[PDB]
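> Quick check, what structure comes out for this input:
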Amino acid sequence: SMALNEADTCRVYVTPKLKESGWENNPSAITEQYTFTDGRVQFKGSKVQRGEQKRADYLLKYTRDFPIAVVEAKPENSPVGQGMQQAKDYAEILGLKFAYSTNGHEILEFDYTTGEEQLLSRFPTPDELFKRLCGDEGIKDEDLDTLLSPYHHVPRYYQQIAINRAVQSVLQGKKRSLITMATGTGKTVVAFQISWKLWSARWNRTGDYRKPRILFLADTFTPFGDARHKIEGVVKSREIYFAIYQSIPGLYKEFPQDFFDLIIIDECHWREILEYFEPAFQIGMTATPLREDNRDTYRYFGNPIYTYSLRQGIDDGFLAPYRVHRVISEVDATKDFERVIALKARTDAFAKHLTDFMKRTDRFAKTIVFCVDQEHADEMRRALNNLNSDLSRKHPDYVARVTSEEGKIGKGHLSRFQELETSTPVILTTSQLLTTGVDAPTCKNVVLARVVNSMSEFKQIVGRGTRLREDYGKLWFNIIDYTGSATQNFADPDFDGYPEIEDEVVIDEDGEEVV
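Numbering: from 1, shown residues only. For reference, the structure is listed below:
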C-alpha cells in the first residue's frame, strides 16, 4: 500500500536514473514503451483479430538511428533478477548487446559482450556502452562516422538489425556477407539504407575521401539521383549502379575489377561477375534459409549475419498467416514423371474442386494457380472459365493465363491483377513465371497443381500470399494443395512456423469430395 506501481517506480526511480546517466542528452534518447511489432493476426471463434503487439519498457538509443540497450522495469517491491530473462529476450530480438532489469533501487545487467551478469550502482552512460560495443566488434575510430551515418528518413526493427550488421560487417573487413529475409519483408529497404549509410559517409575500400561505387543487381532510390545509373543497351562516371543479369555480352568487363567498392545482390539463389569483381565488398540477400537445394549460396557467402523468417514475420504481424487444404485423389488412399501425368490428367477435377471451394467462400478472392507447364495453364484457364461462365459472361477476364507465351497481353492481365482496387482477373494460371513474377498483396488463394522440384521454389510460391493488406481485407490466405504431397514434402516449421489450420480431403475423379 506504500508500495509503488511499476509505473510509479519508473517515474520515481527508473527514468530519473536513466537521465542522470545521460540517455536524454542529444544525440542519445530514451523511448519508453517502445512498440515495434504490429500484432500477430489471430483467430477467435469464427472471427479474426491481431493480439500480440511487442513492447519494451525502455529502449536506449545511442543515436536516433542507433539503438543500443533495453530495460525491463518492475515494481520496487519485486526482486530484480525477475525481469532478466525477459530483458535478455528483447535484447536478442532487437539485436542489442546490453540488457537491464530494474526495480527502481536495483539494476541488473547482462552484457552480451562479456557474458557477465551483475548488479550495478547505476546505469552505464551512452558513451560507456558504445565504447564497449565498438571494442567487442572491433571498429576503428576512423569508421565511427560510417557506423553512425544517419538513415534516410520520412525502417522496422528487423530491417535495422540487418542494415547495421551489414555496415558493421563491411567495417570489419568481411568481403562476403549473407542476409536471409522472408519475401515481402523489405530487402530493398535494407539494400537502400546500407548504400545510403556508406555512401553519404564517404566510405570506401581504399579509405580516401571519394564516394563509394555501388552496384545493385537483381532481375525508393530517388534520394541518390544523378549518382544513379542503370546499365542498359557503359558509363564509368556515375556512383550508384543498377543492373539486371540480362543486361550485364559480358558488358561488365568494360569496368575494371576494382571499380566498385560494394555490390549488393537482390537474390543469391553470375558467379563470374562476382568472382570478376573481387575485391569489391559483396552483400548477398536471399529469401530462403540453408536447405537442400541452397548450399552453394551459403558456401560462397557464408552463414547469414541475420535471418528474418516467415515465422517471425507472421508472429510480428508483418506477414500473413495461412491455412493448408491438402487435396488428394481417391485412387491414392512413387515416381516423378508420372507425377505430372496424373496432374495434367486431373485438370478438370481440380478445376471443379477449386470452383466449388470458391463458391462456398469468395468467388472474387484473387487466386493464382501454379500448373505443370504453359500448356497446362491454358487448359486450366479454359476449364475454370467454363466452370464460372456465369461470371465470365460479366467479366471476360475472370480467369487469365500469365505465361511467357502470352507476352504483352499476359503482362496486361498480371498488371491489373496486382492492383488493390480492381476486381478482375480473379484467377491467374501460370507455370513458372509467377513464382517470383507476382507482387499482388490482395492475393487470397495460392493453388498448387504442379510438381515443385525445390525448397526455394516452394517458398517462392507460398510467398505469393504472405503479404498483408488489412486495408483491403487481406489478413491471411489459403494454400490449396492438389499435388497431395508438396505441403508435406516441403514442410518447414523452423522457417515457416505451423499453419493455423491444416486439413486434408479425398476427392474422386470428378473433383467431388468423398467420405
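> Tell me how far residue 62 lies from residue 293.
Taking Cβ to Cβ, to the nearest Å as the measure, residue 62 falls 41 Å from residue 293. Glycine gets a C-beta too; all of them are placed from N, C-alpha and C.
> nope, residue 466 is what I meant
From residue 466 over to residue 293 the distance is 20 Å, taken as Cβ to Cβ.
> and stretch 176-185, which residues are buried?
Residues 177, 178, 179, 180, 181, 182, 183, 184, 185 are the ones in stretch 176-185 that count as buried (16 or more other Cβ atoms under 10 Å).
> which one of those is nearest residue 143?
The nearest member of the buried residues of stretch 176-185 to residue 143, counting by Cβ to Cβ, is residue 177 at 15.9 Å.
> returning to that earlier point: residue 466 and residue 293: which has the busier surroundings?
Neighbours were counted for residue 466 and for residue 293 using other Cβ atoms under 10 Å; residue 466 has more, 25 against 14.
> Surely the more buried one and residue 318 touch.
No - the criterion here is Cβ atoms under 8 Å, and residue 466 misses it with residue 318 at 9.3 Å.
> which neighbours do these two share?
Common neighbours of residue 466 and residue 318, using Cβ atoms under 8 Å, 6 or more residues apart in numbering, do not exist here.
> Domain-wise, how is the protein divided?
1-137, 138-307, 308-514 (curated CATH domains).
> from the middle of its chain, how far away would the last one be?
From the chain centre to the centre of domain 308-514 is a distance of 21 Å (Cα atoms, centre = their mean, to the nearest Å).
> Stretch 356-376 spans what distance, first to last residue?
Stretch 356-376 has an end-to-end distance of 20 Å (Cα to Cα, to the nearest Å).
> Tell me the buried residues in stretch 79-89?
By neighbour count on 16+ other Cβ under 10 Å, the buried set for stretch 79-89 is 80, 83, 84, 86, 87, 88.
> from the residues you listed, which is closest to residue 100?
Nearest to residue 100 among the buried residues of stretch 79-89, with distances taken as Cβ to Cβ, is residue 87, at 5.9 Å.
> residue contacts, the nearest residue to that closest one once chain neighbours are set aside?
Nearest residue to residue 87, sequence neighbours excluded (Cβ to Cβ, 6 or more residues apart in numbering): residue 72, at 3.7 Å. Shown in contact with residue 72 (Cβ under 8 Å, 6+ apart): 56, 57, 83, 84, 86, 87, 90, 99, 100, 101, 102.
> measure the residue lying closest to the second one once chain neighbours are set aside to residue 118 for me?
Right, the one you point to is residue 57. Distance criterion Cβ to Cβ, 6+ apart; nearest residue to residue 57, sequence neighbours excluded, is residue 73 at 4.5 Å. As for residue 73, its distance to residue 118 is 18 Å (criterion: Cβ to Cβ).
> between these two, which one's more packed in?
A direct count of neighbours by other Cβ under 10 Å for residue 73 and residue 118 places residue 73 higher, at 23 against 10.
> Just say helix, strand or coil for residue 440.
Three-state assignment for residue 440 (DSSP: H, G, I helix; E, B strand; the rest coil): coil.
> Distance check, the closest residue to residue 494 other than its chain neighbours against residue 455.
Nearest non-adjacent residue to residue 494, counting by Cβ to Cβ, 6+ apart: residue 311, 7.2 Å away. Residue 311 sits at a distance of 15 Å from residue 455 (criterion: Cβ to Cβ).
> Neighbour count for these two, which is higher?
residue 455 (20 against 17).
> Tell me where the stretch 401-515 of the chain has helices.
With helices called from DSSP state H, counting those that start in this stretch, the stretch 401-515 of the chain shows them at 407-418, 455-462, 486-489, 493-496.
> Which strands and helices lie in contact with the first one?
With contacts defined as 3 or more Cβ pairs under 8 Å, 6 or more residues apart in numbering; DSSP states H and E, the packing partners of helix 407-418 are strand 399-401, strand 427-430.
> Any chance of a markdown table for those strands, columns mean neighbour count and distance to residue 109?
Shown next, in a markdown table, are those (neighbours: other Cβ atoms under 10 Å; distance: least, Cβ to Cβ, whole Å):
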| stretch | mean neighbour count | distance to residue 109 |
| --- | --- | --- |
| strand 399-401 | 26 | 60 |
| strand 427-430 | 29 | 54 |
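> Using JSON lines, lay out the ones you listed together with distance to residue 507.
Shown next, in JSON lines, are those (distance: least, Cβ to Cβ, whole Å):
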{"stretch": "strand 399-401", "distance to residue 507": "20"}
{"stretch": "strand 427-430", "distance to residue 507": "19"}
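> closest to residue 50 out of those strands?
That would be, of the helices and strands packed on helix 407-418 and by Cβ to Cβ, strand 427-430, which comes in at 28.9 Å.
> and the closest one, what other elements does it pack with?
For strand 427-430, the packing partners by 3+ Cβ pairs under 8 Å, 6+ apart come out as strand 367-371, helix 374-387, strand 399-401, helix 407-418.
> Now the next helix or strand after the longest one - C-alpha only, CSV.
Downstream of helix 374-387, the next assigned helix or strand under DSSP states H and E is helix 389-392. As requested, the backbone C-alpha atoms of helix 389-392 are provided in CSV (Å, rounded to 0.1, in the frame of the first residue of the first chain):
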residue,chain,number,x,y,z
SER,A,389,-19.2,-18.9,-67.2
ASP,A,390,-21.8,-17.1,-65.3
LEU,A,391,-19.1,-14.7,-64.2
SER,A,392,-17.2,-15.0,-67.5
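> what's next to helix 389-392, contact-wise?
By Cβ under 8 Å, 6+ apart, the residues outside helix 389-392 that reach it are 363, 385, 386, 398, 399, 426.
> Highest neighbour count among those?
Highest count within the contacts of helix 389-392 by other Cβ under 10 Å belongs to residue 399, 27 neighbours.
> Good, wrapping up.
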